[PDB]
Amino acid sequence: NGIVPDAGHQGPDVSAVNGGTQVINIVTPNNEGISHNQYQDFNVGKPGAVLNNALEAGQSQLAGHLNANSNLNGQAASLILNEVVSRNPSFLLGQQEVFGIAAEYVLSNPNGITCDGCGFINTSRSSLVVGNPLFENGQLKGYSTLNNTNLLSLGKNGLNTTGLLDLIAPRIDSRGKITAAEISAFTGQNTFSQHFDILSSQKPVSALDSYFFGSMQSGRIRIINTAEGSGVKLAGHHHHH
């Protein structure tokens, strides 16, 4: 049970199929088109996980044949926002697939996210946010990495997608191959709009250097570290003191 939904009204239904692949019947999208799913734990194992955004039965790459998601009510999600609300970090050790209608994907976990052999299938854009979503008056206003020093770690088995990729965290430590249509890595302690415009930045109490080793295969790479006194280190497979 790597994925454990919150017991409240934004907790989706989660089950597993043979091999261990988890299937998430995401919650009904709201008027903004956002399926806002809340979790006590969000972790993906080697067998992967499927987010069911399908209006009709069909074939999932990771799970096989699947039924439509009856939570949808005729309208698929535009954005699938997965928010870890507890203090548990997330480990993504396999692929995640949006089954059905392609959508944007966000995973927010201010406690940390580790990817190692992860990836995103049938997503137009996938964003990993070591931070929290910001809501005001019931609407998604953006995201915050303020007052946070936790890591977005990417391990030696890398991260693959053919959609856009955002890596949003106080700091990043990447050691593998990242493939995406475009890679945007925005680091430091920031507030963001829902589009990942940087709206404000804090000076951190201590340095927030990000480290990249491995490779990047993409059409465009953009890296912005807003933290004063910090930078982007391109090191080898180890970074010793």
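Residue indices: 1-based, along the sequence shown.
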Quick note on 129-137 and 144-152: per-entry mean CA temperature factor is higher in 129-137
Entry B factor averaged over C-alpha atoms, 153-161 against 67-75: higher for 67-75
Among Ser15, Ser218, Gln10, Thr226, highest Cα B-factor in the entry goes to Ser15
Top Cα B-factor in this entry, restricted to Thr187, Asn37, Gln59, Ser174, sits on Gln59
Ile26: CA B-factor among chain residues, third -> lowest
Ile101: CA B-factor among chain residues, third -> highest
On the chain's distribution of Cα B-factors, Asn52 falls within the third called middle
Sorting the chain's modelled residues by C-alpha B-factor and splitting them into thirds places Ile198 in the middle
By the entry's values, the third containing the CA B factor of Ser206 is the highest
